[PDB]
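**Q** Sharing a structure here in structure tokens format.
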Amino acid sequence: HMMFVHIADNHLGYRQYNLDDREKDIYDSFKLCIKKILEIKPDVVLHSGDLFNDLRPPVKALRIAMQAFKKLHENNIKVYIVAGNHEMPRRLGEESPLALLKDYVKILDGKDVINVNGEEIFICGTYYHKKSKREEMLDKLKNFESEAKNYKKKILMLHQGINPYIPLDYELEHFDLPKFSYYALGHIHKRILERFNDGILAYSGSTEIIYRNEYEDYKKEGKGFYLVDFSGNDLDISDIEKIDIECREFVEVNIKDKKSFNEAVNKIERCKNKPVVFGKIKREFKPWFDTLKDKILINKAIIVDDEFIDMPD
Amino acid sequence: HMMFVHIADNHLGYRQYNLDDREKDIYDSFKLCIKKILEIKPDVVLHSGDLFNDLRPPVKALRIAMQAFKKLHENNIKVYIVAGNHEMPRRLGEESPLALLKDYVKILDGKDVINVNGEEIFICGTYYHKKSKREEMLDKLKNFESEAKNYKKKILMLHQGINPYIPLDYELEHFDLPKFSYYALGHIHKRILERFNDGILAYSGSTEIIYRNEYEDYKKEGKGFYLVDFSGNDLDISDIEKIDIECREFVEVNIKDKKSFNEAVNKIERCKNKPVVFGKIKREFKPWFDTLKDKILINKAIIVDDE
Amino acid sequence: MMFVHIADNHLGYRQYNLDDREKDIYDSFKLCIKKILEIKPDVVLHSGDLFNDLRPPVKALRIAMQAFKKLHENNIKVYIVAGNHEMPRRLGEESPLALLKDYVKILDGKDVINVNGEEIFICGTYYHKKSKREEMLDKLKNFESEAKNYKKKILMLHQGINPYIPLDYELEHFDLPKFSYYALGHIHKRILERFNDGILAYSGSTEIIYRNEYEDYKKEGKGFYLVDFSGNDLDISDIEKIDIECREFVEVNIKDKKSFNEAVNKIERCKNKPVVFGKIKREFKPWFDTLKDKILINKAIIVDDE
Amino acid sequence: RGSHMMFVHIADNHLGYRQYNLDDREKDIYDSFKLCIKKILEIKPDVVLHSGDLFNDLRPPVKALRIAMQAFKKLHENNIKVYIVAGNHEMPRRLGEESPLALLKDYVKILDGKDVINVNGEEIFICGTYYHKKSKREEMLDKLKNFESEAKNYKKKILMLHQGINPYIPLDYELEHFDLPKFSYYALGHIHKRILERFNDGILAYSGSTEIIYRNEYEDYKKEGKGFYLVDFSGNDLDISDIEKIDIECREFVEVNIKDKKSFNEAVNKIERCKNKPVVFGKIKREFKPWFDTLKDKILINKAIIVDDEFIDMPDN
Amino acid sequence: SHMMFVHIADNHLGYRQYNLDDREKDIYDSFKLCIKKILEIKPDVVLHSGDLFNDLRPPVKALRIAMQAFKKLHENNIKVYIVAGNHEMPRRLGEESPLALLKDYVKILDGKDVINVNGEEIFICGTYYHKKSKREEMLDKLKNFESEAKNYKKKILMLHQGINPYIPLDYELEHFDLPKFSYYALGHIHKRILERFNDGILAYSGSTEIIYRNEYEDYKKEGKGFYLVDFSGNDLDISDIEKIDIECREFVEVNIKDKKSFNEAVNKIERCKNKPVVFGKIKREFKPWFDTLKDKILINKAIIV
Amino acid sequence: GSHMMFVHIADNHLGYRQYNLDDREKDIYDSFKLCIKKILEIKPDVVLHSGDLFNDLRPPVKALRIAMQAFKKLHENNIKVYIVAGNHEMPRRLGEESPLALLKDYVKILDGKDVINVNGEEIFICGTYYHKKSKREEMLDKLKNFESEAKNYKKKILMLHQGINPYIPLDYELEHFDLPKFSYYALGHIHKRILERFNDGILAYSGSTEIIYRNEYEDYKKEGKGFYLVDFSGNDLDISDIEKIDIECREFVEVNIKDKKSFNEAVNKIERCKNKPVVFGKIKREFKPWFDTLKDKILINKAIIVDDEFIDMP
DNA sequence: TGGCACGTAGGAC
DNA sequence: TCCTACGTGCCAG
């Protein structure tokens, strides 16, 4: 009878390594998510911020985004979003890139209760606040619990880093946020879905690889978005599907001998499309490795000229 | 029987001297024109480029632009625009700020024939080409000549620097452009209107002061936009109205004695809106004048110990 | 006090001109060094044939220099004698060992090392040909003299001694004076035994240099010695053999189905892909080529005798 | 002269080359190199660009490696930054084999890309790559067009290469003179003769071999002189005028054409006037050779063709 | 002794700082003063390494003093050698060098010549100032001097150049360019430079007066003038070179930022032997002060920083 | 003969580099050397030099060499020489020395009285440097003083380097009625030869020893440039005892090519030249490429190219 | 597939 | 001890 989608951090207009393809890659994954969300036809979409990677984004990005959310709004898919750190203006009167979406999307800085088919469910959220103004934020938070006391199904949307989930730096401690059904969170790039405070908390995570860091979280957790049904009285991990998204592949290498070299080539060969290769290569192998420059998108590996006696036990 | 509007170089999102107020001024004047254009209800609007001052403009700017041109298209006013230098992409696949308007506006890089009451008139245009590609442009232009052979009323839109009109540097020599009724030109910030090639040529000029230069061209000729009628078969200067727009006035100073100071104070008094002051003021007088910092927007003056 | 006796690593040996075989030598060498680093002895005695040639592969020199650097940085004193393969031939030609002069003591005389907390004597000299034996004897007889007044005295040599390697040898077993420990090199098999009021050792090659030592590696195990010399006396009891995993060789004699299955069984139980050698009847060669994936290199003679 | 910046262009010392299998020749190569190094040290340049073939072989003689490491240690201990690109002789052949240049990793920068050297008080871009063969020229071009790109916003830009460029070495070349982008200085290597001349809005140089590797370069050493270049690169502009060529005294080759008493006495005297027992080559008439065989002691090695033909050839003027 | 000679250079005759009679005079008298002392010394040879005159077409007075000087020197059977400095080298072909006016007293060197001293045999060679542009030319010239001097016991080389370690920008020769000679009689450099070099001894005699605003204190520590070499014995060391100093015009620096530096500056000027040129810094607040005290001084001119 | 003779010479203008040509600078040097060569052949008793030896106050070294090498020959042959400063040899700045000063060891620079005792007689000489009009008054007293010291002398010679009124209209510093009665007037400033009886005696300008201007090209043709040789053996001096020794020097041809006659007339004038001449004057635009054919035969072309069509029909 | 270079083994003085 | 010939591993085109 009901379902909705949790997505965040598409980072529209990100140009990794100043490469054309990476900027395209970001766009493609975003669209790919959108194509599925239209296939899914959820009743609501929760967007946890950083839709755009910058405050004054590429024209191409706003184009893609505006056409995207328009397509959703035209299919009776309700959408909510909170401002990520990148979409929050710095000068007084500077407008958010999210402001270009006012006709397709509800920007949240308070409470709202959505009457869905066929029920009534509560949403609250607020834009990205800094560490500096946490006290400010707590007052906001206790007030959200207050207006949500008498609601069965209550959702919190935030774009902040929570203490256990991201060591440094965080703006919130896991004990700061009151009891809610679903914690639609954003700021963190890796998938985080686990039971929490008599309910269930999630970070949808970034929809493409933003750093050389998350290379294998896509391998083991996979990047994309969550699809929560929220039909029944309870919500558990069991009623949350993670929809994964194909994105630009990264193969790590550590070429130090004949084995590691061939292991590197083979990894690159089974790539569907030219991968970002990174890690380390011993000098002796680098000219040999330059033979794959056609099969590789961009090589971002450190060249080691030391001869190491490193031996495994 | 018919009328239309020529406007260009609004430079939306220009933030002169990194002043909040200056970014506002540009925004306001654009809006002011739009309100007047809506009062007028012209049949067509020609915009010759540099609508935005950058490729990636402020978000407020893009909203104002979209809302403005939306309002125009919803009052069934047809709109044409050509890319200025600032709206031209640099990377292959980087898109123009003008691309965000494709639903209200026809972006021109070719021919189109507009049906008005009760006649038929030809329009062509192309984006800003660089000097480097002058020869390129000529093929384009010589071809527009060809497509316009059998048309009575013909308008060309361009955003370039033309030879007599802007000495160095220009992209076209004034003998480059074919015979057309109206020359909707852009790249130049001062008003330029004069008869030309069995027809009439115009630069609409910036809709606000983009440089410390045009401070008095607004005073002496006035900035704004043109309103050409083209009602009759022929068109001369007598059928072009120039609409002026209140915008930020600049006062020049050269305070080296009591005369130049007090007389300067008087000019500021006679300014309707708080002016940008520039020129020279002797060091001795600067603390004296800083008491008057409330009636002035920003003080941009040289400190002189000499004269 | 403790010290390490090692020799004949033969760095840069490329058996059958295989990439992996040159590696084998490298790795086992790297492994001994790794083991020598955990142990932390006060001294390491290297008895020569560190390198297999005068102009060794570049990789070998880099590994070698890096190795003894790591030792020198852990305050491990190192002594070495020139092996036969590290001896220059043209006048003014240099030894690869010269590339180690900043990490290693090259020995051609006496030295007295002050350890915590003692004082102990070492002497040695480079590889001599059989030809110049008489020359060598004064060196030893003079070593005899310079070591008389020392409790603990060690002799380092890289030669073949008569009982220990029948033909050919450069020294006779009655040629060497009384020393505590005889840290020797030139021979590839392990040789440790009591001798002349002390104890004599050949560390033996740290990898398989010939199809010969394939099983001497099985029963004695290849690697290096760890002598403590903590006490005033030293016996066999204070000498540890640290072994080294190295490339296995399997011998075959395929003339019927019997030998075939047992040969396969020997190959399957191999931890590391083996070098196979010996004899195979021609009728069996296409059959044996099916086993090419589990094998490194086939060096077997194809005989169609019958 | 000065400066805010200076550098040294050197290449092709071919350490460990043993011409005619002579001991004296292997020394000769070593000594010439040492001399360059000694001179580089009195000069105290801010940078040294070495364009490859430092070692004559992939697995060099130990003395060569010893000399090389001691040499570049000496440069590095005097805060002289050094860059090198792999010559053809220093390119590994089996996969995992290391270059002898790798023994220098602590004293020298091995170049296969861009780098910005910050000198007092300025900023200058360096790029280079190891030796590529003709076979993979396309591969090389992508790189070069990419070097053009990363150096566009740079005032002073240097390219290091160890290749043969088309006009400069007819057969065989790996690159055409129109392949290389505009750079201030072209630090080139593969060629043994000195070549310094303006090129593509900048200046191209081959430092050339620091010794006579073939009986061929015998006179290119006489008129052009073998050694290395010292470019100052002080100003925004660079011309030949800011390049000193330091020559290096090395083993002499005397050419002979002994056909009469004129040529014989002139050959003996040219040989007598030699500092070191010279390599003699050319032609000698059979009639003269036993007479010439007295000088084998005054001569390092005789590589002359013995002609028994009687020419009645007569000169005009 | 039995034998001696003189190394001198860079007098820059006719340098007329700020178009003053008094400055050129300092140059003229100090020059003669060297000559007088050279007349006390009576050496067998005098070596002049160039820039005798500051220009190619010098004032007439300079040429008067020059010939008058070398006349008396040459009349006392004193052998004299000279090489052309940068300032004495022709630019137009057929223009003559001012040194040509001395051909009756002096041997101008562009090659070898052998001096007979009592009672021995010693080799001299030298060449004019070559530009950097033509260094290669110079080396061959030098490689040839080495050749002709091999079989000579005591050998002297004369040059007017800047050598690389000794003068960074710009130099024409690298110190490893010049062959082995006993004494390196060098010129182009204005400061005294004497040190052992290439199994012998190299010298820049240095300017005989202050030609630039720089040498005000270099003259203080090393002293300006010329060297006096004996060369009697087989070897030559620094120990066999006497340096004769020459009295010349003093320069005083000031830095008035308070009364402290102010009075100390005034007092330091007072201990001057000859009417000094005053320069340095004075705070605007202080400027009228010395202009009241300007009468006891020849020229008042300070840098405004 | 003779028993007694002496030489009057002036205005060599040493180091003059006309049209900045080497050959022209050389020409001046050469003509001067030739005069000295002839003078040494003659072996006269005295040489009077009337100034402008050098063309500038700071002359080229080459000039000073030639001058000094020359006067050495004179002074070494016991010929005493007198000179007065020309306009080009008079200092401007106080303490600046005259280029003539480099000669104080061979030559007497005159600014007063001196009596030369010749074998076997006695004759009075006076002279002074070049004065401008400005100090004519100055000059008059000097002259009244010279006349005074010479009253009791039979033979008295005046040396001067000025322009005298009839002989050079504008501008002159002295009037011909200014100079007192002397035997011989050894004068300088003028480039043309001037010899004539004057004030109970004889006046002379030796004239330039080469062509200093495009002007004197033909005063040389008809009068000839060089120097005078005065004998002064007897008590009286007349024209008959003065030989003018001429000096062959660099030729100048004037042209006026406006038609075929004038073209051909110019070409022949150039052909008849011993040495490549300095050509000057006017050439019509119409004729110039034809005239460019003689550039080999010509030292330098310094002629105006007229592109005007003149109806000049006189 | 040809080289190409290293390594292995038989031989000469 | 040298060197030769030969077989052969491994990158080449």
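Naming scheme: A, B, ... for chains in displayed order of the structure tokens; residues 1 onward per chain; ligands 1 onward as shown.
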Could you give me, as a ChimeraX atom specification, the residues within 9 Å of residue 177 of chain A, counting only C-alpha atoms (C1' of nucleotides) and dropping anything in the same chain fewer than 4 positions from it?

**A** /A:138,141-142,145,156,172-173,197

**Q** List the neighbours of segment 75-86 of chain F out to 6 Å using only C-alpha atoms (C1' of nucleotides); skip same-chain residues closer than 5 positions along the sequence, and give me the result as a list in words.

**A**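 Selected residues are residues 45, 46, 47, 48, 49, 50, 51, 52, 106, 107, 108, 109, 110, 128, 129, 130 and 161 of chain F.
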
**Q** So that I can see what lies close to residue 11 of chain G, please list as a ChimeraX atom specification the residues with an atom at most 12 Å from it, counting only C-alpha atoms (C1' of nucleotides) and leaving out residues fewer than 4 positions away in the same chain.

**A** /H:2-5

**Q** Could you tell me which residues of chain E sit within 9 Å of chain D when counting only C-alpha atoms, and give me the result as a VMD selection string?

**A** chain E and resid 132 to 133 135 to 136 164 to 165 167 to 172 174 to 176

**Q** With N, CA and C atoms retained, export the selected residues as a PDB file, in the first residue's frame.

**A**
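File again33.pdb, as written:
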```
ATOM      1  N   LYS E 132      82.500  37.490 -23.311  1.00  0.00           N
ATOM      2  CA  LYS E 132      81.909  36.213 -22.984  1.00  0.00           C
ATOM      3  C   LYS E 132      81.568  35.494 -24.279  1.00  0.00           C
ATOM      4  N   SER E 133      80.932  36.222 -25.198  1.00  0.00           N
ATOM      5  CA  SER E 133      80.519  35.715 -26.512  1.00  0.00           C
ATOM      6  C   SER E 133      81.596  34.868 -27.170  1.00  0.00           C
ATOM      7  N   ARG E 135      84.333  33.162 -25.774  1.00  0.00           N
ATOM      8  CA  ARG E 135      85.122  32.371 -24.833  1.00  0.00           C
ATOM      9  C   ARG E 135      85.934  31.274 -25.522  1.00  0.00           C
ATOM     10  N   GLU E 136      85.306  30.552 -26.446  1.00  0.00           N
ATOM     11  CA  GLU E 136      85.966  29.455 -27.140  1.00  0.00           C
ATOM     12  C   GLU E 136      87.255  29.933 -27.766  1.00  0.00           C
ATOM     13  N   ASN E 164      84.764  32.543 -12.985  1.00  0.00           N
ATOM     14  CA  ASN E 164      83.478  32.070 -12.440  1.00  0.00           C
ATOM     15  C   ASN E 164      83.277  31.981 -10.923  1.00  0.00           C
ATOM     16  N   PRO E 165      84.181  31.297 -10.206  1.00  0.00           N
ATOM     17  CA  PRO E 165      83.944  31.236  -8.762  1.00  0.00           C
ATOM     18  C   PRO E 165      84.138  32.605  -8.140  1.00  0.00           C
ATOM     19  N   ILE E 167      83.645  35.620  -9.475  1.00  0.00           N
ATOM     20  CA  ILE E 167      82.597  36.597  -9.764  1.00  0.00           C
ATOM     21  C   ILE E 167      81.396  36.038 -10.559  1.00  0.00           C
ATOM     22  N   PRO E 168      80.366  35.559  -9.842  1.00  0.00           N
ATOM     23  CA  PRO E 168      79.139  34.893 -10.305  1.00  0.00           C
ATOM     24  C   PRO E 168      78.484  35.455 -11.573  1.00  0.00           C
ATOM     25  N   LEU E 169      78.125  36.737 -11.587  1.00  0.00           N
ATOM     26  CA  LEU E 169      77.551  37.342 -12.793  1.00  0.00           C
ATOM     27  C   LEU E 169      78.115  38.722 -13.105  1.00  0.00           C
ATOM     28  N   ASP E 170      78.769  38.837 -14.256  1.00  0.00           N
ATOM     29  CA  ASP E 170      78.964  37.704 -15.156  1.00  0.00           C
ATOM     30  C   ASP E 170      80.451  37.407 -15.264  1.00  0.00           C
ATOM     31  N   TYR E 171      80.781  36.171 -15.599  1.00  0.00           N
ATOM     32  CA  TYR E 171      82.171  35.794 -15.745  1.00  0.00           C
ATOM     33  C   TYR E 171      82.338  35.360 -17.182  1.00  0.00           C
ATOM     34  N   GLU E 172      83.561  35.406 -17.690  1.00  0.00           N
ATOM     35  CA  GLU E 172      83.797  34.918 -19.040  1.00  0.00           C
ATOM     36  C   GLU E 172      84.535  33.581 -19.005  1.00  0.00           C
ATOM     37  N   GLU E 174      85.777  30.070 -16.604  1.00  0.00           N
ATOM     38  CA  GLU E 174      85.575  29.216 -15.450  1.00  0.00           C
ATOM     39  C   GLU E 174      86.970  28.992 -14.902  1.00  0.00           C
ATOM     40  N   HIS E 175      87.146  28.963 -13.580  1.00  0.00           N
ATOM     41  CA  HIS E 175      88.516  28.879 -13.057  1.00  0.00           C
ATOM     42  C   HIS E 175      89.309  27.666 -13.562  1.00  0.00           C
ATOM     43  N   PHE E 176      88.621  26.711 -14.177  1.00  0.00           N
ATOM     44  CA  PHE E 176      89.319  25.556 -14.713  1.00  0.00           C
ATOM     45  C   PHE E 176      89.690  25.767 -16.173  1.00  0.00           C
TER      46      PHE E 176
END
```

**Q** Could you please write out, as a PyMOL selection string, every residue of segment 191-313 of chain A that DSSP assigns to strand (DSSP E)?

**A** chain A and resi 192-195+200-203+224-228+240-244+250-255+276-282+298-304
